[PDB]
Structures are given as structure tokens and as C-alpha cells.
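Below you'll find only one chain, the form solved without the ligand, shown as C-alpha cells.
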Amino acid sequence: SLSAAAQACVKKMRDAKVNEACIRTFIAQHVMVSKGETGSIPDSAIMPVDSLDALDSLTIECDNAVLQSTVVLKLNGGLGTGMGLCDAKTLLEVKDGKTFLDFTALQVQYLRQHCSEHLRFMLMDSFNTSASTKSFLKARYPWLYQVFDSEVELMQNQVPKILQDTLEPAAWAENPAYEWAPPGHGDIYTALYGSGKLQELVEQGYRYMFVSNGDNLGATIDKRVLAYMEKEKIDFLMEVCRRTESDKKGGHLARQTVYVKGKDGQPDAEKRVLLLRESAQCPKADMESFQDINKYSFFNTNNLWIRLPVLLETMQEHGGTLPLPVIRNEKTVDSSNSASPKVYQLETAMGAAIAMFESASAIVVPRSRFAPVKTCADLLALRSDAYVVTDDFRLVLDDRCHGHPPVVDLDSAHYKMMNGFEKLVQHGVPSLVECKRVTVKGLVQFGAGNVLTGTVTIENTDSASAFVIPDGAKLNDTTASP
């Protein structure tokens, strides 16, 4: 009953022993692409979301019992490539010798000893981060290592990249691994169901799952969110932030009205759902509208809260799968060769799931809960005294920051990657708790005991090479140069 091209995919995935849940999900996607699915979402098909509740307005915490049925999961499939690293992103040092992973593991341990010893902690890995993650925990957190396979790791699937002209499994004899690729974080739902872990957590009594990027340290367990969901009876909750001028490029939250047929089960219906729209899915005709941060003022933080039982049920009603809108990524089999066969890489975003539930909601949260470390510049801020560690092992701004983190702007071609960045801070990390903005242009090196206040710019004339700042140097509202 499949197009043969879809049959080749199935065959290929079964030969490599790809679980069936993944195959099903991927095939439905293949079918949609086969029908010429655009993914397009014109402004005329959505409406803005004018108001949502706020995490700052909330005050009630859930009792420790709710946490006993909670699972904390961190996306950990990423490498520090964009930062000149090939190890797991979460294994990057963030503060005083601690990595992202250390902090989440410690936050978890803290909740297990003071609130709920049954709080579950999971990591979504890929073939690229698994080994390194395992040996890290083995050395630093034996209690998680002992149960690494049984309850910590969730292995992300890998699907076949397909040729654009025929939609059949691409081939690259040079490097067969290039024929496969991850299917986006949306695959989290597939992996959970397919691996048998969803069914297992639900039957064990787990009710809530909080998912967030491993590199987003501001994404911690907030008891107010669980209470709010228990009270409003929410099955899926997306944390969102107000879009600023810098976000007018990123996706946003939107409203949509649907009418579903439904034959022999439930009569027709007209529902109002919530969805996400990326730039990709936006037609240049409405691209201007897409950037009007005053119309669409909210963006997905990727901090999601899902009611596991409901997730299982819905996936079951859909034939053991979750029909998320497919994203058709255009690439070449070998990224490193513009002449390699053009292909489509099918993926989904986990935030798209917000449209899959009747009791879905979004809540506005402060920017502090969306603190991804994407560049070494973001790492500098974190390493500095601008951020302190709480007793329950959370990373928050120091009080003298007033909720405003130092704006750090490091010159690429020098600090775009750990390679050069560690040089810059080789002799020490300057104090930035009182610094509004720091910009580094050209090859520079902080001294030691350096203290920056106000706005500071450090630029190297014309690359005389190596501009080492004096030690104890107190730069205030200045432009240091040689």
C-alpha cells in the first residue's frame, strides 16, 4: 500500500533494526511530503494570542507528592560543534568546575533528599553523546550511572535522509552514516512511546514530565507550574517569553481555529487550538507580519510540561504515534560537499505538540528561564561572578544585577569557539557583576583580578597580536586599547 519509495525506506529501516514506532511516524511524514506538503502557515490561517497567565503572578507551590510523580528530562543530543567542540554540549564547564549536567544532576539530587526521592531524571541522547554522557555520570554520579540504561537514557532515533527527486533512501558509499540523521527534538514523543518507556513511566504512576534543553540552565523545576497545571487541569504547557527586537527572526506562538469531521465516534466539531510558526513555514508575503513582535509577542522557550498519561492515550488513539507537522529540511547527503545528492531530512519540533491536546496551554515566563548557552560569549557571562549558585543548586544572577545579565559581545574569528575563548580567559575571568556590557574586538586577553563596570570595549588597534590587559585592571565606562 506504500509508494515503493516509501517501501525502500521501510525496508532500509527494518534491516538496520529501527523500531516500528519510529518507522510509522516517519512513513506518515513520507506520505505527507509525497503529497507535496509545504508546511506553510499563512497569516490568514492563524490569529495572535493577546494574553496568557504569567509565572510571576503565580505563588502557590504544589506539595511534594506531585514531584514524586514527576520526570525531569533534558535534551542532550547536541555537540559543542558551533563552539569548536565534539563532546556533549552538557559536559561543557559552566561554573567553578561544574558542567550543565552537574547542575541538573545536583538539582535533582537536592529535590530527592528534601522533597521527593522518586523524582525521575532522564537524558535524551544521540549516538554522539551517549558514551561520553555515560562515562561522565559513571565518574561523578554513580547513582545515575547504576540505572543509566534502565531509567535515565532515552536514545533519539535516526531516520533515512531521502533524495529530493525520487524520495527514496539516499546513499553515500563514502560514508554510509551520512545517509541517516536525527529527526528533530519532536522525536522525543516517538522515542518515549517506541522504547516502551512511556508505557512504563505511566504504569509506574508518573504523571508529569518537564522537558528542556540541556544547555538552558534557567530551565529548572518550578513547583508553581505543577500546581497551576493541577488547578487548571492542563495536559501540555509551553513556557513562552515576550519577543524582543532580537527575536523577530525566531518563531512565535499563534492561535488557530479548526473544524474536525470525525466519523462514527464523535460528531463534527469546531475547536480553537494553539500552535507554533517558524520562519520556514512563513511565506514572504507575511514575513513582515512574522516579525511584528507586537502582534506575535511570544516565542517558545522549549521548556515544556506534559501530562504523561494523556500523552500515552493520544499517541495510542493515533496508532502508536503522534502526528506532528513534518519539517522538510533541505540539505545534501554530505554537508561537506555541495555536489553530493540533494536530500530532504524529515524532522519535527517538540513544541509543535501543543496542537495535539485539547487542554493545552502556554504561560509567559521571565527571560531568566530561557538562558541557552549558544556561544562562548554566553559562557563568559555565566562563568563570571554575575551568576551565583543557590543552595538548591540553581544558577541565578547575583543581586547587584537587578535581573539584568551582563550583555557580552565577543569578536568571532577569535572567540567563536572554545579554542580561542579559553585563551581570552586563560589568566582569569573578569568580574562582570557590575558590568552592563562588555565587547571584545580583536585578539585580547584578560589579566587577572580584572573588574569591569558600566559599558566597556576592549579592541586591538590593527592586530599587533596579543593585547594582554594589566592585572587588577579596573575598567569602568571605558574603551581599553593599546
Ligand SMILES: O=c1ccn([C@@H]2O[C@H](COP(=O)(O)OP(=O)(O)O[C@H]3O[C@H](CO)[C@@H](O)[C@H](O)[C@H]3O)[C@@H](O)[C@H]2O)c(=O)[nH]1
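The first residue of the sequence shown is number 1, and the count goes up from there.
Not pictured, yet referred to below: the form deposited with the ligand bound.
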*Decide whether residue 185 counts as a contact residue for the ligand in the deposited complex under a heavy atom distance cut-off of 4.5 Å.*
yes
*Any chance residue 160 has a heavy atom within 4.5 Å of the ligand in the deposited complex?*
no
_in the deposited complex, is there a heavy atom of the ligand that lies within 4.5 Å of any heavy atom of residue 273, even though the partner is absent here?_
no
_Contact label in the deposited complex: residue 151 to the ligand, heavy atom within 4.5 Å_ = no
*Taking 76, 251 and 370 together, does each of them reach the ligand in the deposited complex with some heavy atom inside 4.5 Å?*
yes
*Which one of 302, 195, 340, 291 is close to the ligand in the deposited complex, taking close to mean a heavy atom within 4.5 Å?*
302
_If the cut-off is 4.5 angstroms on heavy atoms, which of these, 235, 102, 179, 215, is the one near the ligand in the deposited complex?_
215
*Can you check 354 to 362, 263 to 271, 276 to 284, 135 to 143 and let me know which stretch has heavy atoms within 4.5 Å of the ligand in the deposited complex?*
276 to 284
*Can you name the residues of 93 to 118 that have a non-hydrogen atom within 4.5 angstroms of the ligand in the deposited complex?*
none
_Pair residue 312/residue 264, Cα separation in the deposited complex versus the displayed form, closer or farther by 3 angstroms or more_ = farther
*Just say closer or farther for the C-alpha distance from residue 366 to residue 399 in the deposited complex, relative to the shown form; it changes by 3 Å or more.*
closer
